[PDB]
Every structure is written in C-alpha cells, then in structure tokens.
Amino acid sequence: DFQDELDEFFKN
Amino acid sequence: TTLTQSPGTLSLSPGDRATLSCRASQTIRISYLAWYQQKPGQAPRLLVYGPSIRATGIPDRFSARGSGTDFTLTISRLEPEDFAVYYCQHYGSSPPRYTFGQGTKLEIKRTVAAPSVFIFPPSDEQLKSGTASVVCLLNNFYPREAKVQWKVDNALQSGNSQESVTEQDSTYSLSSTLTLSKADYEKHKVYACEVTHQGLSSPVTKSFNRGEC
Amino acid sequence: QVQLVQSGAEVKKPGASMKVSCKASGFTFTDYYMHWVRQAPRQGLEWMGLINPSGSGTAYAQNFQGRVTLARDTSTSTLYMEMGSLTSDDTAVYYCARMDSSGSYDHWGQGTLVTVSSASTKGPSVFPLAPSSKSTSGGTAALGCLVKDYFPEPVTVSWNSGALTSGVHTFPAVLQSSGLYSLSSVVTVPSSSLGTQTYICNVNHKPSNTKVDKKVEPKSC
Ligand SMILES: [Cl-]
Ligand SMILES: [Mg+2]
Ligand SMILES: [Mg+2]
Ligand SMILES: [Mg+2]
Ligand SMILES: [Mg+2]
Ligand SMILES: [Mg+2]
Ligand SMILES: [Mg+2]
Ligand SMILES: [Mg+2]
Ligand SMILES: [Mg+2]
Ligand SMILES: [Mg+2]
C-alpha cells in the first residue's frame with residue numbers, strides 16, 4: 001500500500 | 001508531525017509486560033506508524049507496523065496499537081534480548097516524509113546498587129608527556145544517574161572533566177576523567193572526586209595527594 | 001539473505017562533502033524504495049530522504065533539502081547518498097534502509113560512521129589506570145587503560161590479546177575539547193590478582209595505523 005502511495009506522489 | 005516517546009527510560013524485569021508510548025503532535029493513522037528495536041552498536045530492526053502487523057520473524061510477544069495521537073508498543077513478556085532502545089516512526093506519502101520518536105530505552109530493573117568509587121592517579125608515562133589525567137571510576141552502580149564533582153585542593157573543579165557511562169549484574173559503570181596540564185597538576189596537592197548516588201546516604205569522596213595519597 | 005552493505009567509515013573536514021554507498025544483494029533492488037537515516041552519537045534516528053526504485057524521484061527531510069543528494073545505480077544495485085557543507089553536527093552513523101511496501105524499513109545496512117571534525121587523524125596514547133588501594137574495594141579491584149587523544153573513532157581494545165574477557169569493560173568513547181576521543185577500558189579483578197596476574201590492554205587504531213599495548217601494573221597508594 002504505502003509503496004503505491006509514494007508511486008502516486010512521484011507520478012504526480 | 002513530530003513523535004514523542006515516553007517514558008525516556010523504561011525499567012522492567014525480564015518476563016514483565018512492557019508498554020512503550022509514542023505521542024504524535026497531531027492525529028495520525030496507525031497504519032503509518034512503525035516500531036523499531038535497536039541494540040547498541042547495531043542497526044535498528046523493524047518490529048511491528050500498522051495495526052499490530054509484526055515484521056517477518058518478529059515473535060508474537062510484540063504488538064502495537066493506538067489511535068489519534070496515542071500509540072503504544074507492547075512486549076507482553078520481556079526476554080533478555082528485548083532490553084534495547086525502541087523507536088517509533090511515522091511516515092506520510094504527500095509529500096513523502098518520515099519522522100522518528102526520540103527513542104525509549106528499555107532497561108533492566110534491579111535493586112539500587114551504590115557504586116564502588118575508585119580513583120586512578122595520573123601515570124608517569126602521561127606526566128612525562130606534560131599532561132595529567134585523574135580518573136574517577138564508579139563501578140557497578142544502579143540506577144544510572146550519578147553525579148561526579150571533582151575537587152582540587154578542596155576547591156570545586158570544573159571545565160576540564162568528562163565522563164563516560166557504560167551501557168547496562170545489569171549495573172552501570174561511569175568513568176570521569178579530569179585532565180590537566182602537568183603544570184596545573186603540580187600547582188595543587190589534593191585531587192578528589194566526590195560522588196553522589198541514590199545508593200549513597202552521603203557523598204563519597206575519593207582522593208589522593210599528588211606524588212602520594 | 002537480504003544484504004545492504006554500506007561503504008566504509010569516512011572522516012571529513014568541515015565544509016567538505018561526503019558520498020556514502022550501500023550495495024544491495026539478495027533481493028530485486030529495483031523493486032524497493034531506499035531510504036537514508038542517520039544517527040548521531042547517543043542520539044535518535046533521523047530520516048534524511050528516500051529515492052524511488054527507478055532513481056527518478058527523491059524526497060528529502062526538510063532539514064537536509066539542499067545539502068543532500070540521493071542516487072541509485074541499477075547496474076551495480078548500489079544506493080548512494082551525497083551530503084555537502086558538512087559540519088561536526090553531521091557526525092553520525094548513516095544507514096541505508098530498504099522500505100517494505102507497508103512503508104516501514106524491513107532491512108537496514110550495517111551503517112557508515114561519518115566523522116566530521118577539524119581534527120586530524122591521530123593514534124591514541126594509552127596510559128595505564130594503575131590499580132591500587134584507591135581502586136580496591138574488599139576483594140574487588142579495578143585497573144584499566146586510558147586510551148586517550150585519538151581520532152577518529154573507532155579504536156578496538158582487547159586485554160591480554162583477547163584471552164581476558166572476564167571483568168573487562170571498555171567504556172564508550174568521549175569526544176574531548178581537543179576534538180580528540182578518549183575512552184577508558186577497565187578490568188574488574190580480584191584484589192588477589194594485583195601483582196600476580198599480567199594485564200595488557202591491546203589497542204588497535206586502524207585509522208592512524210597504530211597499535212599500542214600497555215602492561216598495567218599496580219601502584220602502591
Ligand atoms: Cl497518518
Ligand atoms: Mg493515479
Ligand atoms: Mg559496555
Ligand atoms: Mg565516500
Ligand atoms: Mg515499482
Ligand atoms: Mg525481509
Ligand atoms: Mg591528552
Ligand atoms: Mg568504540
Ligand atoms: Mg594488531
Ligand atoms: Mg600488541
């Protein structure tokens with residue numbers, strides 16, 4: 001989960 | 001968001017149930033809170049994260065819980081290897097941020113033990129180099145808190161002493177080194193450390209006379 | 001069998017820059033966010049930053065933004081951290097940490113001591129802590145070695161080439177005013193051992209390429 005959150009931050 | 005752990009030092013006995021507290025400056029979700037163990041000279045080890053999810057191979061005696069600003073790590077039965085420093089850690093993803101509590105030391109509870117107070121006059125090898133270190137040694141005492149007051153010709157001496165406290169028998173030892181130029185050392189006669197500790201009804205003073213005792 | 005093998009200890013002058021590395025093996029490096037955490041002497045953990053698995057994205061602690069750069073080398077499975085304008089406050093063990101998908105750090109490197117000081121490498125002077133009646137308390141005596149004025153950390157101290165472990169306690173080093181470290185290595189012994197047992201502290205200081213041995217003999221006081 002949190003890895004996907006960071007992924008989402010860095011994609012933005 | 002900052003994390004503040006309490007107590008700073010928790011003193012328990014093996015087999016006890018330990019609860020360590022982590023206090024967030026504002027509400028956080030337990031899923032973004034992790035707990036780490038660190039023994040001296042070792043890297044931290046993840047114990048538990050989120051709603052009491054134990055890290056791989058972390059025994060079932062470790063759990064975590066809490067909500068709002070109040071979170072706890074529980075060790076339901078302390079093993080000797082569990083006496084260590086514990087850190088909570090909080091993380092957020094937008095923006096990516098991590099923060100740690102300042103750490104709680106889990107110390108072995110034991111009876112008050114007065115230190116043996118030993119004093120070591122400067123060695124001649126050091127005096128030959130132009131310096132004099134006097135070492136006051138407080139041996140096998142508990143609890144950790146101790147005060148060393150250096151005295152030179154019965155004056156309160158300061159500015160040039162440092163102490164080292166060991167890690168936690170389960171007692172502590174403390175060395176205090178008073179370091180002088182040889183010239184300064186030779187200007188006075190009586191060197192003493194006066195020690196204050198819970199197990200001492202009155203301050204203990206150990207002294208020597210330069211060149212003698 | 002996750003391995004995070006960090007580069008060796010570093011000594012730095014103030015205002016210098018440092019580059020620390022962490023070589024990963026035993027896992028798919030490019031699947032993991034990697035983090036850097038530091039711990040100053042007898043202080044707590046402090047986050048510095050993370051880098052995403054591709055190396056394209058980083059995020060730094062606010063206290064390190066501007067002075068820290070994170071990189072990773074997919075070809076060598078190596079995490080790097082570069083930090084500039086070093087001050088003595090940056091003296092710390094620096095840890096790489098692998099982030100589990102939960103966001104917690106499931107595996108850590110062994111750490112990299114970075115010492116930032118205007119002090120120069122110097123071997124220790126080793127002075128006997130000469131046991132006497134003043135270091136004797138009813139059956140128990142203490143002796144030791146004062147391992148003084150060395151830089152940087154660490155020193156390794158043994159007694160009698162390792163044969164003596166009972167009663168040995170090497171204290172945590174203290175940083176002196178001079179910028180040099182000093183420690184005391186103490187042996188609690190039976191008072192009966194004074195003058196019959198030989199006590200030699202063996203001090204290795206790899207950074208200065210120095211070795212010291214000091215036989216510790218009693219004083220009469
Ligand atoms: Cl949160
Ligand atoms: Mg999206
Ligand atoms: Mg120790
Ligand atoms: Mg380097
Ligand atoms: Mg990925
Ligand atoms: Mg693992
Ligand atoms: Mg000196
Ligand atoms: Mg050391
Ligand atoms: Mg050697
Ligand atoms: Mg030798």
# chains A, B, ... in the order shown; residues from 1 in each chain; ligands from 1

call {"tool": "residues_around", "arguments": {"residues": "region 204-209 of chain B", "least_positions_apart": "3", "cutoff": "12 Å", "atoms": "only C-alpha atoms", "output": "mmCIF file with N, CA and C atoms, in the first residue's frame"}}
result
data_model
loop_
_atom_site.group_PDB
_atom_site.id
_atom_site.type_symbol
_atom_site.label_atom_id
_atom_site.label_comp_id
_atom_site.auth_asym_id
_atom_site.auth_seq_id
_atom_site.Cartn_x
_atom_site.Cartn_y
_atom_site.Cartn_z
ATOM 1 N N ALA B 114 24.887 0.987 45.127
ATOM 2 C CA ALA B 114 25.864 2.050 45.243
ATOM 3 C C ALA B 114 27.090 1.710 44.399
ATOM 4 N N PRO B 115 27.731 2.707 43.796
ATOM 5 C CA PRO B 115 28.987 2.445 43.089
ATOM 6 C C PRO B 115 30.119 2.222 44.071
ATOM 7 N N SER B 116 31.029 1.329 43.701
ATOM 8 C CA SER B 116 32.388 1.423 44.213
ATOM 9 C C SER B 116 33.070 2.596 43.522
ATOM 10 N N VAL B 117 33.671 3.491 44.298
ATOM 11 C CA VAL B 117 34.330 4.662 43.743
ATOM 12 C C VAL B 117 35.828 4.431 43.839
ATOM 13 N N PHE B 118 36.451 4.319 42.683
ATOM 14 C CA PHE B 118 37.876 4.122 42.557
ATOM 15 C C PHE B 118 38.467 5.363 41.908
ATOM 16 N N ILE B 119 39.714 5.653 42.225
ATOM 17 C CA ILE B 119 40.386 6.794 41.630
ATOM 18 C C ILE B 119 41.759 6.356 41.156
ATOM 19 N N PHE B 120 42.142 6.831 39.982
ATOM 20 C CA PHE B 120 43.420 6.469 39.399
ATOM 21 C C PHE B 120 44.260 7.717 39.241
ATOM 22 N N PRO B 121 45.378 7.811 39.951
ATOM 23 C CA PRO B 121 46.280 8.936 39.770
ATOM 24 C C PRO B 121 46.891 8.901 38.384
ATOM 25 N N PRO B 122 47.377 10.032 37.890
ATOM 26 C CA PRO B 122 47.999 10.043 36.565
ATOM 27 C C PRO B 122 49.177 9.085 36.518
ATOM 28 N N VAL B 134 43.345 12.492 35.838
ATOM 29 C CA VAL B 134 42.912 11.750 37.009
ATOM 30 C C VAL B 134 41.585 11.114 36.650
ATOM 31 N N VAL B 135 41.448 9.825 36.920
ATOM 32 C CA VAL B 135 40.252 9.107 36.522
ATOM 33 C C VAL B 135 39.533 8.648 37.773
ATOM 34 N N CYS B 136 38.290 9.082 37.907
ATOM 35 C CA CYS B 136 37.378 8.596 38.919
ATOM 36 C C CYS B 136 36.514 7.540 38.258
ATOM 37 N N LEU B 137 36.419 6.380 38.883
ATOM 38 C CA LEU B 137 35.690 5.268 38.310
ATOM 39 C C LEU B 137 34.582 4.897 39.278
ATOM 40 N N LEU B 138 33.341 4.944 38.802
ATOM 41 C CA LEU B 138 32.185 4.483 39.569
ATOM 42 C C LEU B 138 31.786 3.134 39.002
ATOM 43 N N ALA B 146 24.115 9.513 38.313
ATOM 44 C CA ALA B 146 25.191 9.711 39.267
ATOM 45 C C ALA B 146 25.805 11.069 38.990
ATOM 46 N N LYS B 147 26.320 11.689 40.038
ATOM 47 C CA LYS B 147 26.992 12.969 39.928
ATOM 48 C C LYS B 147 28.418 12.802 40.419
ATOM 49 N N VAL B 148 29.363 13.284 39.628
ATOM 50 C CA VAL B 148 30.767 13.327 39.997
ATOM 51 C C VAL B 148 31.153 14.790 40.111
ATOM 52 N N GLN B 149 31.656 15.181 41.274
ATOM 53 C CA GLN B 149 32.205 16.514 41.475
ATOM 54 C C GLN B 149 33.700 16.382 41.728
ATOM 55 N N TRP B 150 34.511 16.939 40.829
ATOM 56 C CA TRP B 150 35.951 16.971 41.052
ATOM 57 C C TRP B 150 36.325 18.089 42.010
ATOM 58 N N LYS B 151 37.330 17.820 42.834
ATOM 59 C CA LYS B 151 37.830 18.771 43.807
ATOM 60 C C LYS B 151 39.346 18.785 43.746
ATOM 61 N N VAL B 152 39.920 19.985 43.726
ATOM 62 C CA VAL B 152 41.361 20.184 43.660
ATOM 63 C C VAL B 152 41.739 21.106 44.808
ATOM 64 N N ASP B 153 42.557 20.607 45.737
ATOM 65 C CA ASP B 153 42.839 21.333 46.973
ATOM 66 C C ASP B 153 41.530 21.761 47.626
ATOM 67 N N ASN B 154 40.557 20.843 47.605
ATOM 68 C CA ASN B 154 39.211 21.001 48.152
ATOM 69 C C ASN B 154 38.430 22.146 47.518
ATOM 70 N N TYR B 185 48.633 20.506 37.172
ATOM 71 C CA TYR B 185 48.598 19.390 38.108
ATOM 72 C C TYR B 185 49.548 19.627 39.274
ATOM 73 N N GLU B 186 50.743 20.130 38.987
ATOM 74 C CA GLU B 186 51.751 20.321 40.019
ATOM 75 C C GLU B 186 51.506 21.548 40.883
ATOM 76 N N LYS B 187 50.544 22.404 40.527
ATOM 77 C CA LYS B 187 50.256 23.573 41.347
ATOM 78 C C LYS B 187 49.384 23.240 42.538
ATOM 79 N N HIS B 188 48.814 22.039 42.585
ATOM 80 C CA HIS B 188 47.945 21.664 43.682
ATOM 81 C C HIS B 188 48.295 20.262 44.153
ATOM 82 N N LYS B 189 47.760 19.915 45.317
ATOM 83 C CA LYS B 189 48.153 18.738 46.075
ATOM 84 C C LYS B 189 47.072 17.667 46.121
ATOM 85 N N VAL B 190 45.848 18.036 46.483
ATOM 86 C CA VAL B 190 44.790 17.074 46.739
ATOM 87 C C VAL B 190 43.848 17.050 45.548
ATOM 88 N N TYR B 191 43.686 15.869 44.959
ATOM 89 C CA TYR B 191 42.753 15.622 43.871
ATOM 90 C C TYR B 191 41.725 14.607 44.344
ATOM 91 N N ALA B 192 40.452 14.949 44.196
ATOM 92 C CA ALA B 192 39.385 14.133 44.747
ATOM 93 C C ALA B 192 38.192 14.181 43.818
ATOM 94 N N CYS B 193 37.472 13.078 43.738
ATOM 95 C CA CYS B 193 36.152 13.107 43.136
ATOM 96 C C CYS B 193 35.138 12.802 44.221
ATOM 97 N N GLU B 194 34.104 13.617 44.286
ATOM 98 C CA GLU B 194 33.023 13.437 45.235
ATOM 99 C C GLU B 194 31.826 12.924 44.457
ATOM 100 N N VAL B 195 31.271 11.803 44.891
ATOM 101 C CA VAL B 195 30.279 11.080 44.111
ATOM 102 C C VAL B 195 28.949 11.114 44.846
ATOM 103 N N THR B 196 27.885 11.408 44.103
ATOM 104 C CA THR B 196 26.516 11.428 44.602
ATOM 105 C C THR B 196 25.715 10.370 43.858
ATOM 106 N N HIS B 197 25.020 9.516 44.608
ATOM 107 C CA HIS B 197 24.220 8.449 44.022
ATOM 108 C C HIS B 197 23.152 8.023 45.024
ATOM 109 N N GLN B 198 22.011 7.571 44.486
ATOM 110 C CA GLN B 198 20.863 7.171 45.304
ATOM 111 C C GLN B 198 21.253 6.162 46.377
ATOM 112 N N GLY B 199 22.134 5.223 46.038
ATOM 113 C CA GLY B 199 22.609 4.246 46.989
ATOM 114 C C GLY B 199 23.645 4.748 47.962
ATOM 115 N N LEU B 200 23.971 6.032 47.926
ATOM 116 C CA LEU B 200 24.904 6.622 48.872
ATOM 117 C C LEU B 200 24.119 7.537 49.797
ATOM 118 N N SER B 201 24.119 7.217 51.091
ATOM 119 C CA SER B 201 23.431 8.080 52.041
ATOM 120 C C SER B 201 24.071 9.459 52.090
ATOM 121 N N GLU B 212 51.728 11.021 46.044
ATOM 122 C CA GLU B 212 51.485 10.136 47.178
ATOM 123 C C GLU B 212 50.020 9.718 47.215
ATOM 124 N N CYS B 213 49.385 9.897 48.366
ATOM 125 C CA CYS B 213 47.956 9.649 48.534
ATOM 126 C C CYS B 213 47.360 10.693 49.479
ATOM 127 N N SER C 132 45.307 0.229 42.696
ATOM 128 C CA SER C 132 45.932 0.476 43.984
ATOM 129 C C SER C 132 44.885 0.225 45.057
ATOM 130 N N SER C 133 45.235 0.555 46.299
ATOM 131 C CA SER C 133 44.242 0.556 47.359
ATOM 132 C C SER C 133 43.100 1.508 47.030
ATOM 133 N N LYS C 134 43.376 2.551 46.237
ATOM 134 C CA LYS C 134 42.365 3.522 45.832
ATOM 135 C C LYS C 134 41.446 3.014 44.741
ATOM 136 N N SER C 135 41.759 1.878 44.150
ATOM 137 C CA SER C 135 40.892 1.241 43.175
ATOM 138 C C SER C 135 40.572 -0.175 43.624
ATOM 139 N N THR C 136 40.561 -0.371 44.940
ATOM 140 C CA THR C 136 40.306 -1.656 45.569
ATOM 141 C C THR C 136 39.179 -1.495 46.572
ATOM 142 N N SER C 137 38.177 -2.360 46.478
ATOM 143 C CA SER C 137 37.058 -2.359 47.422
ATOM 144 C C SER C 137 36.790 -3.811 47.809
ATOM 145 N N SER C 220 51.361 1.572 44.518
ATOM 146 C CA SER C 220 51.211 1.471 45.964
ATOM 147 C C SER C 220 50.782 2.837 46.486
ATOM 148 N N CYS C 221 49.570 2.907 47.019
ATOM 149 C CA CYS C 221 48.971 4.171 47.432
ATOM 150 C C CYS C 221 48.250 4.016 48.772
#

call {"tool": "residues_around", "arguments": {"residues": "residue 17 (chain B)", "least_positions_apart": "6", "cutoff": "10 Å", "atoms": "only C-alpha atoms", "output": "PyMOL selection string"}}
result
chain B and resi 61+74-78

call {"tool": "write_last_selection", "arguments": {"atoms": "N, CA and C atoms", "output": "mmCIF file, in the first residue's frame"}}
result
data_model
loop_
_atom_site.group_PDB
_atom_site.id
_atom_site.type_symbol
_atom_site.label_atom_id
_atom_site.label_comp_id
_atom_site.auth_asym_id
_atom_site.auth_seq_id
_atom_site.Cartn_x
_atom_site.Cartn_y
_atom_site.Cartn_z
ATOM 1 N N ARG B 61 5.001 -11.878 20.982
ATOM 2 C CA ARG B 61 5.026 -11.024 22.162
ATOM 3 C C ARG B 61 5.106 -9.534 21.835
ATOM 4 N N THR B 74 3.686 -2.872 22.709
ATOM 5 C CA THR B 74 3.662 -3.752 23.865
ATOM 6 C C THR B 74 4.557 -4.946 23.595
ATOM 7 N N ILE B 75 5.388 -5.264 24.570
ATOM 8 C CA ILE B 75 6.127 -6.510 24.620
ATOM 9 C C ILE B 75 5.543 -7.276 25.797
ATOM 10 N N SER B 76 4.787 -8.339 25.507
ATOM 11 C CA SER B 76 3.970 -8.962 26.545
ATOM 12 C C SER B 76 4.800 -9.722 27.562
ATOM 13 N N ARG B 77 6.005 -10.147 27.195
ATOM 14 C CA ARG B 77 6.866 -10.877 28.123
ATOM 15 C C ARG B 77 8.304 -10.604 27.710
ATOM 16 N N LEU B 78 9.011 -9.811 28.508
ATOM 17 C CA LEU B 78 10.333 -9.339 28.126
ATOM 18 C C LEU B 78 11.347 -10.461 28.179
#

call {"tool": "closest_atom_pairs", "arguments": {"of": "chain C", "to": "ligand 10", "cutoff": "7 Å", "atoms": "only C-alpha atoms and all ligand atoms", "output": "Markdown table"}}
result
| residue | atom | partner | partner_atom_place_in_ligand_line | distance |
| --- | --- | --- | --- | --- |
| C:202 | CA | ligand 10 | 1 (Mg) | 5.4 |
| C:211 | CA | ligand 10 | 1 (Mg) | 6.3 |
| C:212 | CA | ligand 10 | 1 (Mg) | 6.0 |
| C:213 | CA | ligand 10 | 1 (Mg) | 5.0 |

call {"tool": "closest_residue", "arguments": {"among": "B:40, B:123, B:94, B:84", "to": "residue 131 (chain C)", "atoms": "only C-alpha atoms"}}
result
B:123

call {"tool": "residues_near_ligand", "arguments": {"ligand": "ligand 6", "cutoff": "8 Å", "atoms": "only C-alpha atoms and all ligand atoms", "output": "list in words"}}
result
residues 56 of chain B; 2, 106 and 107 of chain C

call {"tool": "residues_near_ligand", "arguments": {"ligand": "ligand 7", "cutoff": "9 Å", "atoms": "only C-alpha atoms and all ligand atoms", "output": "PyMOL selection string"}}
result
(chain B and resi 126+129-133+179-181) or (chain C and resi 124-125+148-150+176+178+180+182)

call {"tool": "residues_near_ligand", "arguments": {"ligand": "ligand 5", "cutoff": "9 Å", "atoms": "only C-alpha atoms and all ligand atoms", "output": "tab-separated table (two decimals) with C-alpha atoms, in the first residue's frame"}}
result
chain	number	residue	atom	x	y	z
A	3	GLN	CA	4.77	1.96	-1.78
A	4	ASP	CA	1.84	2.62	-4.13
A	7	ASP	CA	4.49	5.84	-6.52
C	30	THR	CA	14.78	-2.07	-8.47
C	31	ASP	CA	11.56	-3.07	-6.69
C	32	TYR	CA	12.28	-1.14	-3.49
C	33	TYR	CA	12.28	2.41	-2.33
C	52	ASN	CA	12.13	5.68	-5.70
C	53	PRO	CA	13.04	2.37	-7.37
C	54	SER	CA	13.84	3.90	-10.77
